[PDB]
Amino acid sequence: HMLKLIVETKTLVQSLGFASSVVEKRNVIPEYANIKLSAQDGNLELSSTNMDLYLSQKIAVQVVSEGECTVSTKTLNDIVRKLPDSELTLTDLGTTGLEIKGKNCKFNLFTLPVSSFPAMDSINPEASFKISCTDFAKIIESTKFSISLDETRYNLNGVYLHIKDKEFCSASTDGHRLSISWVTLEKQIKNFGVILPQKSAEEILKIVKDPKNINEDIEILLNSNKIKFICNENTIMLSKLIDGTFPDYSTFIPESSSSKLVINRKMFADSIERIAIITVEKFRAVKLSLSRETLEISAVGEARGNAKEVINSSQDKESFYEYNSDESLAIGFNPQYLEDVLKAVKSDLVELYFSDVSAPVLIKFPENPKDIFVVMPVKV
């Protein structure tokens, strides 16, 4: 019937931060903005949903009376974050509302009937397996930034999660670049390939990176229509899948290269970002003028000016630069697309493999053999 429970405030604040990262709040079209609270068997289950995903979080509380209700996510989040008490009492007071009670204060939040809150789908899986949260965060971190934002390219608006032999892999592309990242499974899993929407990839990454989950495991259960994540037993996320066919990306990886650059990753990344400052949105491009002696990174911006930075050949790790060719190469890239790759993998050095000015660059990190990136150039 009527919920009543005592919960540690800090724990509730953390769960509501996750609820807040799910809940609909754009205020252009109708939204369902409530959170469902369910007290059962020593746990409070907090459920949040948007049109892409359903999140269920369970936290241990002192259940005085079992029950469920729903209230405004934002109002509950906003109040609980400002209460000083180490613990709070939550009591469903019926027409009076859900009461949030600390030592000196009481808030009544009007409820909405539980029947108004979307049903949690059941998932009957075709395949399921478990991997570490550390391994899953890695392949998502390495591929979430190059998802397409173009709705007409509906099959590119997510990450392609798939099995090839013993490798669990994530791939993403927006037509301008490709990212691929994988981890080796120990058990042979049924082959599958599904497209996880960007919004779900962002939320499940936040979940598995939480300190309580990052060193734990995540179970993945899926069929061709839906996917379920069970992260460290007590957090369940259900997601829709994008109905479509991810392209055969193996054709996109250059089979050979005419020159190779090795350079300190942070130095390269900092220089690109600096030089890109002069650019405008209508022409986001930096020019890499590569030679054995120096690399000149330059850019122009209409009605702003131009910019140039020189990186000299060097064998010191902190300033490393080596370009293995007697020939020069002047080739342009969108600096955001280079920065996305450079920030994705924490590595001392980075390798860039080129062919001609009109062909893509292949980017790899030396201690990271299971991450691959391809970026097409732009005319400069």
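Sequential numbering from 1, following the sequence displayed.
The stretch 317-325 shows the higher mean C-alpha B-factor when 317-325 is compared against 45-53 in the entry.
As recorded in the PDB entry, 329-337 is the stretch of 36-44 and 329-337 with the greater mean C-alpha temperature factor. When the C-alpha B factors of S200, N234, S122, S86 are read from the deposited coordinates, the top value falls at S122. Ranking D78, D92, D217, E281 by Cα temperature factor from the entry places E281 first. Among all modelled residues in this chain, the alpha-carbon of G193 has a temperature factor (C-alpha) in the middle third. When the modelled residues of the chain are ordered by their C-alpha B factor, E255 lands in the highest third. Ranked against the other modelled residues of its chain, the C-alpha B-factor of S347 as given in the entry falls in the highest third. Ranked by Cα temperature factor within the chain, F246 sits in the middle third according to the deposited record. Remark: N264 belongs to the highest third of its chain, ranked by C-alpha B-factor as recorded.
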